[PDB]
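*Asks:* What would the 3D arrangement of this be:
(one chain, ligands or ions: 4)
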Amino acid sequence: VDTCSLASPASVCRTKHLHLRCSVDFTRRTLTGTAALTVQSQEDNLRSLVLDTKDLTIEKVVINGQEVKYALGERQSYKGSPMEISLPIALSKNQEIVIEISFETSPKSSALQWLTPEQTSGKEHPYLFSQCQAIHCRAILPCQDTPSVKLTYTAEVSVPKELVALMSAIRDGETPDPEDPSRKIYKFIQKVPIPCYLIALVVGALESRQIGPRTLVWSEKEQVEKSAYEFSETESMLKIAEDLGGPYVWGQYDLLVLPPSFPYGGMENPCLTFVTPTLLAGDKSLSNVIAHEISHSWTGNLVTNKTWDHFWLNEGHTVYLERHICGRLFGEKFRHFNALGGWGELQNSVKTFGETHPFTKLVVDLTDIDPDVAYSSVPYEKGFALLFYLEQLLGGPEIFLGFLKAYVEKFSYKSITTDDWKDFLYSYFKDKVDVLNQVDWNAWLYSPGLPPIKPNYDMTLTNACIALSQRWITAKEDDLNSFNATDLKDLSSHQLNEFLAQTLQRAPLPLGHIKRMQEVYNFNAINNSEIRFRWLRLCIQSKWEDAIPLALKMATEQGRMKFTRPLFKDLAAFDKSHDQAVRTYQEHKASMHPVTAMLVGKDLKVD
Ligand SMILES: CN(CCCOc1ccc(Cc2ccccc2)cc1)CCC(=O)O
Ligand SMILES: [Yb+3]
Ligand SMILES: [Yb+3]
Ligand SMILES: [Yb+3]
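*Replies:* Residues are numbered from 1 along each chain as shown. Ligands and ions are numbered 1, 2, ... in the order given. This is the structure:
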């Protein structure tokens, strides 16, 4: 049962295809058009069905060329409103019909951000982008908004002719719009069945540059060169991913670099991964995010969580493949370094929610929970920990990668639950079932807090970070003189980040120590978003007022929730900045991404 969806479930009927014809109206901030769903009955004598919607205006529903009766139920908060549609003729099992729904989105669609020209790089044109995962596709169009259903799609999108439309699909040409020559229609086809959370649309003043045999980078003109360099490892990462996962089935793997309000690091939209511009560090140092989105082309997009309770299936396996990709490129020691870091992120999350909190469970129960409220590192790192522990239990990376590849093959084009996964794990490792029966499954899958067992991690690259962090924490005032820029000499950006993360775990430090850290290390000058984030957090938690404007500026000039939410929370927790934090949020709220607005709102207890 999908407790996040109000649509008829896959046992009742299944959408096989969507043909989307819509027009993007920047003057009204609406998407208007028709969603033609090819729906297959799974039942005898089916006479109605239910679709998810959220803030949609339905004009009509047409089947067999005639308008039919439909009703919208009462709004169930973050789930939207159920749309019941009366079929004109009763369907037998496996019969397919086409249901054409005429609709319009609300300007408040939780799926969309509409950007004015001033909020873009070029300042001459507006921009639109979507984010459907988890349950925001219903805020674009009526659908069975559950990852238990997989469908192909085609689309025709009319935009002002100066602008470019892209989607999670193969581009299939453009033409002037016959109805209005100030506009273009862009066409798209996605021939691989996908869950509807992978439907994506961007419209903006976009340009492309080729960076590999199957990859174009897309962004506004002013980010293209920087982006092409930053993500130049992409093809080499696809080749490793193919080796680990089997053939890449999606044709193209393009990248879109979004404006700074993009709420996440990446979104694995098929054919067209969306990424944050906060990745543009200048040195390819945050490319693990690319490895991650690439890996979803197998774990997530081919094998998909059946409901959101099983999201760890998506993330855990994708983090596991991500860290193998980075392991191949940069060495096994580095894979271990990143793995150990991820454990520290898991410790942070468990400490934030609390060690008995239901959101710290691997398999969560989202009955009456807004998935955006539950989202965190837990599914990622507790998932990864589980798999890393099993790798060590079952004979090492090369054995467990055999299982990962067999798993992808087994469940390609399907949606699956934690039990499906466990079942296949046991099947595959039948000769090691006694090892498998020593796993505390109930604890790992269903209990809150840190996992019951911590894997083994190589420490080589981590040691220098911990040693410096510990020097700083145990320092007294008379030790501060001994710190010097040479401390950082043999530390990569990755180790600087980890040094900061270690230190942040014991924050606050004395204000005098933090001021000295700036004095000798000049962290204020570093524009790597991961480093700068953790450094400003350490400054604000250690009560340095000079960091207030730096933290406010970072929180607002970009909108990646990973950074924007804790910066605002920290600024609110600090009495000197508390009022500015609330004021800044209230002043930016209308121009923020709707999900980010909502969550920063709850975090600050404002409204
Ligand atoms: C873009 N981003 C995901 C967007 C939001 O997706 C979800 C997906 C699932 C949830 C619910 C959930 C939260 C915590 C544990 C299990 C399930 C909430 C949000 C990450 C994409 C990636 O991992 O590459
Ligand atoms: Yb074509
Ligand atoms: Yb079994
Ligand atoms: Yb001393």
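*Asks:* any idea how far residue 431 lies from residue 399?
*Replies:* Distance of residue 431 to residue 399, given as CB to CB, to the nearest Å: 11 Å. C-betas here are computed from N, CA, C, even on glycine.
*Asks:* The two: who's more crowded?
*Replies:* residue 399 (13 against 7; other CB atoms under 10 Å).
*Asks:* Next, the residue lying closest to that one once chain neighbours are set aside: secondary structure please.
*Replies:* Once flanking residues are discounted, residue 399 sits nearest to residue 391: 7.6 Å by CB to CB, 6 or more residues apart in numbering. Under DSSP: H, G, I helix; E, B strand; the rest coil, residue 391 falls in the helix class.
*Asks:* My read is that residue 391 contacts residue 400, right?
*Replies:* Yes - with contact defined as CB atoms under 8 Å, residue 391 counts as touching residue 400 (3.9 Å).
*Asks:* Just give the number of residues close to the residue nearest to residue 399.
*Replies:* The burial count for residue 391: 20, using other CB under 10 Å.
*Asks:* That one: what's it in contact with?
*Replies:* Each residue near residue 391 by CB atoms under 8 Å, 6 or more residues apart in numbering is listed here: 397, 399, 400.
*Asks:* quick revisit: can you work out which residues contact both of residue 431 and residue 399?
*Replies:* Joint contacts of residue 431 and residue 399 (CB under 8 Å, 6+ apart) do not exist.
*Asks:* Give me the distance between the nearest residue to residue 229 once chain neighbours are set aside and residue 492.
*Replies:* With sequence-adjacent residues excluded and distances taken as CB to CB, 6+ apart, residue 229 is closest to residue 284, at 7.7 Å. In this view, residue 284 and residue 492 are 12 Å apart by CB to CB.
*Asks:* cool, residue 53 as well?
*Replies:* 49 Å.
*Asks:* before we move on, what about residue 220?
*Replies:* Distance from residue 220 to residue 492, by CB to CB: 30 Å.
*Asks:* So between the two, which is more surrounded?
*Replies:* The neighbour count for residue 220 versus residue 492, taken as other CB under 10 Å, is higher for residue 220 (22 against 16).
*Asks:* what's near enough to touch residue 86?
*Replies:* For residue 86, the contact set (CB under 8 Å, 6+ apart) comprises 47, 48, 68, 69, 70.
*Asks:* Okay, and the beta partners of it?
*Replies:* Applying DSSP bridges to residue 86 yields these beta-bridge partners: residue 48.
*Asks:* count of neighbours near the residue in the stretch 501-607 of the chain that ligand 1 sits nearest to?
*Replies:* Closest residue of the stretch 501-607 of the chain to ligand 1, CB to the nearest ligand atom: residue 595 (8.4 Å). Applying other CB under 10 Å, we find 20 residues neighbouring residue 595.
*Asks:* which helices and strands does the host helix or strand of it pack with?
*Replies:* Secondary structure assigned from DSSP states H and E places residue 595 in helix 594-604. Here helix 594-604 touches helix 371-374, helix 561-573, helix 578-588, going by 3 or more CB pairs under 8 Å, 6 or more residues apart in numbering; DSSP states H and E.
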